[PDB]
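What follows is a set of notes on a single structure, which appears directly below.
Only heavy atoms go into these numbers, but all of them, side chains included; no hydrogens, no water, no symmetry mates. Sequence lines set the chain letters: A, B, ... in the order given, protein chains first and strands last, and positions in each chain run from 1.
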Protein chains: 2
Amino acid sequence: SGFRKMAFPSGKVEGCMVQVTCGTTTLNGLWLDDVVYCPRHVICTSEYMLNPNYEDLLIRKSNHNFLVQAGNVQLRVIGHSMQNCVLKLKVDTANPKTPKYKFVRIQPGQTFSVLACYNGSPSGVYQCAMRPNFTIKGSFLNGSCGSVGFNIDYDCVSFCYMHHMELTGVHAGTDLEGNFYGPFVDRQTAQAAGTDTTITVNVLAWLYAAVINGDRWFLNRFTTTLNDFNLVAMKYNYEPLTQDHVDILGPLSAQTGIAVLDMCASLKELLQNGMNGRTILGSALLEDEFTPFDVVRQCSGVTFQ
Amino acid sequence: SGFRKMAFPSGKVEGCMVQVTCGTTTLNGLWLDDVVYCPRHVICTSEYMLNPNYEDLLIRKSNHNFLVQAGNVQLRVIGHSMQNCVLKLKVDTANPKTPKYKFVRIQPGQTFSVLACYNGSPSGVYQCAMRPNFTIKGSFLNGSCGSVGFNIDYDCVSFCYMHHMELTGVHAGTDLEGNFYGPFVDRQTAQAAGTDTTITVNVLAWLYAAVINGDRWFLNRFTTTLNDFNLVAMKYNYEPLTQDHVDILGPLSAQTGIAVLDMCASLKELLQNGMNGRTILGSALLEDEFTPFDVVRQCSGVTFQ
């Protein structure tokens with residue numbers, strides 16, 4: 001019993017973090033086999049943080065301009081190239097701690113773990129969601145660039161995020177092929193995050209977790225239709241609900257015996273009348289950063305190795 | 001910028017988790033050098049979950065009654081003994097992944113990371129606090145017994161908690177010398193958790209984190225004394241505040257320029273008037289599971305290796 005914001009165990013990723021220095025800039029890189037991946041803006045200098053030409057900046061570098069260190073060992077850079085917004089540094093030694101991995105691009109509403117790092121050294125792990133506006137509400141200080149986000153699926157690490165920049169309180173980055181999430185660029189412009197919305201299917205999954213854990217006070221006997229619900233949801237800046245979402249919630253409906261559309265009726269009331277000073281799973285707000293799979297994993301107990 | 005419930009990287013601990021089976025009972029153990037530590041109730045059977053005599057149960061066992069597996073490798077048990085509520089299983093192979101470690105007993109209000117495990121396999125990591133009533137509000141399903149709680153101090157893992165039982169929604173366990181936190185026993189009796197209170201010094205540390213991150217709406221120009229504050233705090237089930245707590249908050253007072261007693265005045269108002277539908281660091285409740293050190297670590301950026 002109980003319900004926590006739970007991150008994936010980070011051991012497999014900790015062994016891939018290295019420090020990358022170019023000039024006076026130091027940040028983090030990801031070392032898989034004989035390639036180190038890091039944000040390309042490690043080659044930028046003040047004058048260039050405004051309007052950089054990365055192809056120009058890269059052609060003026062050579063392999064020995066890149067100091068890469070895995071702890072105390074130094075890695076020899078034997079080749080470099082750029083793929084979109086990441087730099088791929090070829091090194092002379094393959095990481096012997098390379099896990100089984102793949103590179104995946106996630107969708108808004110999906111969650112992952114972030115291993116926050118400074119100077120190549122792991123500092124903390126936490127769980128977050130990709131927001132509908134393609135930012136994450138992370139926790140990052142200067143020097144955290146190159147920290148990665150990941151999920152663990154069986155024995156396999158799915159890398160889905162590399163941190164690049166902070167934009168007025170929230171955080172933006174790329175997948176591991178170097179393509180940004182959202183309409184952001186790795187330079188100084190007037191870019192801001194767009195309007196965020198609440199991830200409705202995640203709120204419903206969390207209300208199911210609450211029932212599983214004994215919080216039942218918000219239930220009622222009413223029911224509703226997808227279209228009546230989506231009418232009220234749009235008013236409160238909630239993502240609309242599809243039939244696909246209903247099916248995804250199937251397992252949780254089965255385990256609690258409460259139909260999805262029954263639960264939607266409870267959500268509709270919570271949105272119109274409020275919490276009334278009561279809490280749900282220790283929160284006074286409706287929580288939207290747990291997916292249906294997160295709830296199943298924590299309320300049924302899947303492991304990895 | 002940003003503020004998250006951040007756990008320690010778990011890699012160093014993942015390499016010490018093993019599976020321990022005795023009879024039909026399987027749970028988790030901690031393998032450091034050539035000793036496996038696990039809850040002693042792994043030797044109990046139904047008839048004994050009520051009123052067990054553990055010395056009797058242990059004398060009727062031999063080394064080959066204990067199946068210990070580190071992944072796929074099996075470990076040979078060459079000796080066993082009991083220290084308070086833990087079992088120490090001597091095995092024929094020293095764990096080569098044994099980190100630098102020590103065994104510490106924590107105080108209520110202190111936080112640590114939990115590596116939740118099933119069948120010896122790590123499943124998730126999360127941060128929690130030891131409550132003033134000596135329970136933790138964890139997330140554990142059947143089979144999680146033997147999962148450990150820890151902090152990382154420099155290069156050194158401080159083990160502080162081993163999970164033993166669930167008591168009506170909350171969780172109870174021992175230090176690694178086998179002594180329970182709180183007045184609990186590892187048998188079936190009528191034991192319940194006592195009344196919990198809110199950890200005041202932690203709430204103040206969190207309000208400082210909020211200011212550091214730009215949430216200032218709750219501040220005011222008033223001030224107060226320790227005794228006036230503690231008078232109102234007792235009314236709301238808050239732990240009283242000592243001069244020691246004030247000193248601990250020193251660094252955060254220095255960084256924000258807001259005196260502790262100034263901040264206490266803001267807390268006093270929040271307790272008497274409420275949140276008024278506004279949030280602090282994304283919460284509509286006063287959060288008490290971040291220590292002053294947690295805030296410094298996240299808002300200044302200490303790493304480990």
Side-chain angles (χ1 to χ4, degrees), chain A residues 1-15 17 71-72 113-128 136-144 152 166 168-171 213-214 274-275 277 279 282-285 287 294 297-305, chain B residues 1-15 17 71-72 113-128 136-144 152 166 168-171 213-214 274-275 277 279 282-285 287 294 297-305:
Chain A
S1 151
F3 204 73
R4 284 287 188 171
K5 217 141 216 357
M6 184 171 299
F8 287 102
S10 60
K12 290 184 160 51
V13 179
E14 296 168 45
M17 303 308 301
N72 38 28
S113 298
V114 167
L115 180 65
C117 295
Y118 300 91
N119 300 298
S121 293
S123 172
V125 66
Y126 56 85
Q127 188 85 346
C128 57
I136 69 160
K137 295 172 317 186
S139 177
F140 289 118
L141 309 167
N142 284 279
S144 60
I152 296 168
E166 175 166 319
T168 76
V170 292
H171 299 105
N213 279 277
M275 304 286 290
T279 60
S283 176
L285 299 177
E287 166 80 60
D294 294 339
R297 183 157 47 76
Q298 189 169 169
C299 296
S300 286
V302 197
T303 48
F304 324 87
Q305 177 174 331
Chain B
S1 151
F3 204 73
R4 284 287 188 171
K5 217 141 216 357
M6 184 171 299
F8 287 102
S10 60
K12 290 184 160 51
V13 179
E14 296 168 45
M17 303 308 301
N72 38 28
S113 298
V114 167
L115 180 65
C117 295
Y118 300 91
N119 300 298
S121 293
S123 172
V125 66
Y126 56 85
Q127 188 85 346
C128 57
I136 69 160
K137 295 172 317 186
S139 177
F140 289 118
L141 309 167
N142 284 279
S144 60
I152 296 168
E166 175 166 319
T168 76
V170 292
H171 299 105
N213 279 277
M275 304 286 290
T279 60
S283 176
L285 299 177
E287 166 80 60
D294 294 339
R297 183 157 47 76
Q298 189 169 169
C299 296
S300 286
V302 197
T303 48
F304 324 87
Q305 177 174 331

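Panel note: side chain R4(B), backbone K137(A); a donor-acceptor pair is recorded below 3.5 Å. Although no hydrogens or angles enter the test, the distance criterion places a donor-acceptor pair under 3.5 Å between the side chain of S10(B) and the main chain of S10(A). At distances below 3.5 Å, not a single donor-acceptor pair connects side-chain atoms of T303(B) with backbone N or O atoms of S123(A).
Taking every heavy atom of both residues into account, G2(B) and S139(A) meet most closely at O-OG, 3.4 Å. Scanning both residues, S121(B) and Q305(A), for their nearest heavy atoms gives OG-OE1, 3.2 Å. The shortest non-hydrogen separation linking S300(A) to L141(B) is C-CD1, 3.4 Å. Shortest non-hydrogen contact noted between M6(A) and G124(B) is CG-CA, 3.7 Å.
The part of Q127(B) that comes within reach of chain A is its backbone (N, CA, C, O), which places non-hydrogen atoms under 4.5 angstrom from that chain. Using a 4.5 Å cut-off between heavy atoms, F304(A) touches chain B through backbone and side chain atoms alike. At a 4.5 Å heavy-atom cutoff, the contact between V302(A) and chain B is made by backbone atoms alone. Of the atoms belonging to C128(B), heavy atoms from both backbone and side chain fall under 4.5 Å from chain A. Contact annotation for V170(B): neither backbone nor side-chain heavy atoms come within less than 4.5 Å of a heavy atom of chain A. Contact of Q298(A) with chain B is made through backbone and side chain together, with heavy-atom distances under 4.5 Å.
Counting heavy atoms from C-beta outward, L285(A) and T279(B) have side chains that approach closer than 4.5 Å.
Of the residues considered (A284(A), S1(A), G11(A)), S1(A) shows the highest number of contacts with chain B, using heavy-atom pairs under 4.5 Å.
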